[PDB]
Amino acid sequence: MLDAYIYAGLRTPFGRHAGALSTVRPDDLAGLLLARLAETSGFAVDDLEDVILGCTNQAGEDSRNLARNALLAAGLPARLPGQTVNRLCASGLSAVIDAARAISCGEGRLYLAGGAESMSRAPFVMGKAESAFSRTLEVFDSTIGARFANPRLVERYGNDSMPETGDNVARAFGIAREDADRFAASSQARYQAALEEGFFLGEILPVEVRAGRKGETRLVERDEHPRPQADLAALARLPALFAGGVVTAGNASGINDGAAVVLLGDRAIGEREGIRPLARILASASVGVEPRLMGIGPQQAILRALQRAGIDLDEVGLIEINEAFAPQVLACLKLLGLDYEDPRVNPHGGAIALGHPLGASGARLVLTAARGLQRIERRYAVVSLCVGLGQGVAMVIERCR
């Protein structure tokens, strides 16, 4: 059993591509959360062992170890080391898992862990010449998609884009467009209800951005990706992304900017400081699957995590499965034997509404599950993301109070 406790966390609002957070460097966006948690946790900054951040890109302002650039820029001590982790879409969850394992081994009492991604500010990348005056230029957008693909990998596994893998899972496990759109509508609706109830109040750190003009600042307080007008009716109208396909711009997540960080520690440091944790990390699991069906990653990761945690799915009160594509979430739910509309599933909305800043999303799921656990009868939550090139990562947590 892992033995690490979630004491606190914060996230930025998630911005649209070229949106509300497009002017903020990914190291500054992570730095804001790291600075605010250091200042307000109750713990001594000198008890901090390490900062671990997920980031799927690392070509840009997020290069040369985002975690350490971010903690220095935010004014945390030079004595505090950091490390950046990449497991694509599961990066923010894998950083928390790595901190939880360190803690459970007795190597540090207190870690900051999460993820950050500026998909707006992701650079163009250009291959070096293989010979003098070479005429071949490979130029890629690092925002998203395959770049410099290995021909040996492509020959074994194909070149399906992430949306195409959603259509694959829809075909493989028999998920209809109607069910996908019904799930997409309920993600938007569940976000809107949670927002109205005040669910996000203590979860979001608003971000001051340049408002243009000169000297003018604006406060970003709110998630920018949600489309409350996207009801079933509007989603049913949208074209497929591909011919004979089920995935649309409406039942898929989007490209986004955002950061999310949690503070983890052993039980003893909280006992010594008189600070109560939100939740205990019990177990994690990582699995590989066929790249073309990457979206069913979570089914096997969830079963292995529950088995390591010694609990049954019926003891779980709250399920965060990242909503990359509505059809891959429904496919996971089907394979786990759950109804498409199970009320435990992303009960405050998911990525269809909130967006998917790759490195940050798994860390948002950790924080939102720990917070959501405080409002329900059952003790356990599972958090899970599918991963590009076919992986699943899952983590089980338990409410403390």
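Residue numbers run from 1 along the displayed sequence.
Per-stretch averaging of Cα B factors for 370-378 and 29-37 places 370-378 on top. Just going by the entry, 97-105 versus 68-76 on mean CA temperature factor gives the higher value to 68-76. The PDB entry assigns its highest CA temperature factor, among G54, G337, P357, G60, to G337. Considering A230, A268, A305, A113 together, the PDB entry gives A230 the largest C-alpha B factor. For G92, the recorded CA temperature factor ranks within the lowest third of the chain's modelled residues. When the CA B factors of the chain's modelled residues are split into thirds, the value for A211 lands in the highest one.
When the CA B factors of the chain's modelled residues are split into thirds, the value for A172 lands in the highest one. Sort the modelled residues of the chain by CA B factor and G258 lands in the lowest third.
Among all modelled residues in its chain, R135 ranks in the highest third by Cα B-factor.
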